[PDB]
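Okay, so we've got the same protein chain twice, two forms, each given alone as C-alpha cells, structure 1 and structure 2.
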Structure 1
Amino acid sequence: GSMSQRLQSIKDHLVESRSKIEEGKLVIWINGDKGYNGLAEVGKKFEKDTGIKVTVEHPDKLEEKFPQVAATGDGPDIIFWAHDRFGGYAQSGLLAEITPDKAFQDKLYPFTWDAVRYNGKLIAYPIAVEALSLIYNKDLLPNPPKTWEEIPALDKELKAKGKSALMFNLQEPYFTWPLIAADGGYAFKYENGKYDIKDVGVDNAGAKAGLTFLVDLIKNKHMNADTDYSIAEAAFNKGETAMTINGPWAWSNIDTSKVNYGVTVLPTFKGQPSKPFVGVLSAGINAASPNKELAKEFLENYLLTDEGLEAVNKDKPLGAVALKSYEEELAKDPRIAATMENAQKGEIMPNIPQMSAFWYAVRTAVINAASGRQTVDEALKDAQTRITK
C-alpha cells in the first residue's frame, strides 16, 4: 500500500545510487537504429565459448546518458556511437585506451583508426564507415557525370525533357560542404593529433570557388535555393530528377520507390574529388569497466570478424565497414564500394565541440549566398569571422 510504495522509492534511490558495473559480464549500449539483435547474437556466441554473459541495450539518448553516468562506475562496458562524440568522452577521460596489436590494426583501413584517436591514444574500435555519395537514375542517366562542371549542360538537356539533372538538400551544410571542400575549404586544420580551433578554412580561395559554383548553378536555374531534404528525396524517388546526393540511410526509401538507381563516386570539382565528411561508428570501452580484457576479446575476436559483422549486418545493414575482409565481401554491391570510395576521398568528421560553431555559421553563409541575401565572399567572410571570434 502506501508504506510499501514509499519504501520502494527509497529502495530504488539506494540500489541505483550504489550500483556499479558488474564484474564478469558485458553490458553493451548501441543505438536503436543499429542491428542490436544481430549484435546480441554475437553476444550469444561469445557466451557459448567463454561463459561470459553479454547484454545488449539500446537506451534512448544513450550518447547523453553515457557521459553523465560514466564517472559513477556504472553504465555499459562498451558504447557504440559515431566517432565524433568520442572526442568529448576522451577529453573527460571516460574511455579506456585500447590495445590492438600492430597485426590487428592492419586488418582495418588505416584512415579509420584516425577517427578514433584523441590526444595520441586509440580510444575506440572502428566498426562502420558512412559518407555521402552521388545517387543517379539509371533510366534518365545511364552514365552519370564525373565532374560538377558537366552539370549545367546535362540540366539543359534534361529540362527540355521535363526533368532536372540534380536535386539535393541545400539547407544543411553537411550536404553542400563536399563541393565547398573540394578545391580547398576545411573546417579546422589538424596538426599533431589535434585540431587547431584558430585555423579555419571557410573563407579561403577553395571554399569561395566551391560555393561560387554552387551559387552559379542556382543563378542559372539548374538548382533552386529552397530545395531541402524532403523536396530532393521526393523528386528523386518520383523519377523527376536524374541525380541526388545522399547517404546509405536513404537507400531503403529508393528501394521502395522502384526507381532504377545507382550509387557512385561524387563528381570532381576543378579536377579534385568532392570531400564528404566521414562518420565512423565506433566501439569504445568504459574507462571504469572492470571487464576491459573481456571487452577487448569480444571486440577483436568476435565482433570484428567476418562472422561477427555479418550477424550485425543481416539484422540492419552496417553500410561500408572498417574491417578490410568484410568490406571486400560487401563491396561487390557497387553502392557500398561507392560509399567507401567517397569516404576515402573525404575527411573524417572533426571530433571537437567547435564543430557546432562551424555548422551554425556555414549553414547561414550557404543559405544567404544561395538566396541572394549576401554575396559568396561576404557570406563566407562573415562565417569565418563568427567561427574564429
Structure 2
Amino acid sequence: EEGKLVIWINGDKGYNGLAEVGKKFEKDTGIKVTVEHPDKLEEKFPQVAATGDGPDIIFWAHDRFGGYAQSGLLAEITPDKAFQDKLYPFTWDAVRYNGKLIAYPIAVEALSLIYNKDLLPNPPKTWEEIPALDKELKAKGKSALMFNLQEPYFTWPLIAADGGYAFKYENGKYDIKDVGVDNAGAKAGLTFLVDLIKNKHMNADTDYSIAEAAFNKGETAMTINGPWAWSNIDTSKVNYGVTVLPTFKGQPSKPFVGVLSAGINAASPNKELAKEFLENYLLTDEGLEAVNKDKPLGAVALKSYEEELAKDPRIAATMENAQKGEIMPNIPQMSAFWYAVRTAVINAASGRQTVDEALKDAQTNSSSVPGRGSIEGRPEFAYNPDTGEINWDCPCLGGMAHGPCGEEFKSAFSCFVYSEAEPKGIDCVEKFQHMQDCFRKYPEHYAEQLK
C-alpha cells in the first residue's frame, strides 16, 4: 500500500495513456503505478475514502473537489511558486477551496456541437431550427441529434441559455441561497428539450453509449459531446467537424466548463511520490501528450503545451464554447445541484412530471436545507447501522424525538440516517423542511433556529 500508486480516473478518458505515464514512472523510480476506472467513482470515492481502501490519486472535473475538500478527503497540495507559473492562473482558481489548493489542474473541457459533414454541410446556427432539420432528413433512421439525456451535464447548456444558472456568482463568492433553476429561462430551456421528445425527434432514454454508438455508425447528423469523444470518431472514419453549439432564443448555449483535476487522497501513504508523478511526469509535455493521444483532454492547463496546439480547430471550438458558457463552482453544494437537475430533467423527459413541477422540486433540492444541525453530527449516534434500529431516547438526540415536533423530527432523522442517496439525505429535503416548519409553531420551545 505504501510502496506504490493506484490512481483513479473516469471510463471515458485515456486511462491506458495514463498507464503509459505510470510505466514511465515505474522505470526511473521503481514504483508500480496502477490505473483503475471504476463506475460512479465521483460518488464511490467519498464512500471508500473514509471506510478503508480509497485510491492514492483521484481524477475528476473540479466541481466535485470542494465537497471532498470539505469532507477532509484530500491532501492539500504544495506546488512551489515556480511550478505554479507553468499553468494558467484561471485553472489554479478552479482548484482553490478557501485559499488553499486542493488538486492539480490537467485540462479544461467543455462540450461542443459535433457536425456530420457529408450529411449536414452547414451546421445549424440556432437550436430552434433542429426540429425542421430532423424532419428534412428522415426516411431511414436519418435523425439529426442524439446526445446523452441521462446525464444533466449535457442537457444543461440548453437550460442555461436563456437565464438558467446554478449558484449566482456575487461578490467573488458563489451564493448558495441564489439558485436559478426555477426561473423563466431554465423553464424555457427544458420545455424545448421536452418538445424534442414530444415530437419524436429524440428518445427520453438515450444513454451515453446509445448516443455515441448511433453517431459513430453514421445515423445522426449531430451529437453533443466533449473532447474525450473525438478519438473514437477518428476511428469511425466519419468526416466530422467541431463547432459552436446552436443558439437557443438567440442567446448562446452555456456549457458548464469542467477542469480535469487530480486530487491526492488525505489517506495516501505515498503523498510525496504522488507529487513527483503529477508535477514531474504527467504535467509535462511528453506526459500530457501520452494521455491526449489516447483520449483528448481538451485544452490543457500547461502553458508550455497549449499555444502550439491552439491551431487545432476543434480545440478552438471547444474554447469558444467554454468562453460562452461558465466555469463550474467547486463548492460542496454542487453534488446536490446535479442530483436536483438529474432528477428534474429525467422526470420531465419521461412525462413523469411537468417542466414547472420538475424544476420546482429542482430549486428546493438545489437550495440549502434547514435543520441539518439537528440531524447531522452527534445525533446520528442514535442510529446503530448494524440492526438499523434508532434509540429515540439517546441523549445524543437532545430530547428532540419527544416534544411538539417530535414526530416530525423522527421523520427527518430516520429519513437521513437511512438515506443511501448521494449526497446523503438529498432525498429527505421535504421532511427537513416540514420539521423546521414545525419548529416555528413553538419558537419558545425550539431555539434550534438561533441561526
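Rigid core here is just the name for the largest C-alpha set that superposes within 1.5 Å across the two forms. Counting starts at 1 and follows the sequence of structure 1.
After superposition on the rigid core, displacement of the C-alpha of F46 between structure 1 and structure 2 amounts to 2 Å or more.
Once both forms are overlaid on the rigid core, the distance between the two CA positions of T244 between structure 1 and structure 2 is under 2 angstroms. Each of the two rigid parts keeps its shape between structure 1 and structure 2, while the smaller one turns against the larger by 37°, per C-alpha superposition. With the core fitted, the CA of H83 sits 4.2 Å away from its counterpart between structure 1 and structure 2. Core superposition gives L294 a CA displacement of 17.1 Å between structure 1 and structure 2.
Relative displacement of the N192 Cα between structure 1 and structure 2 on rigid core alignment is 1.1 Å.
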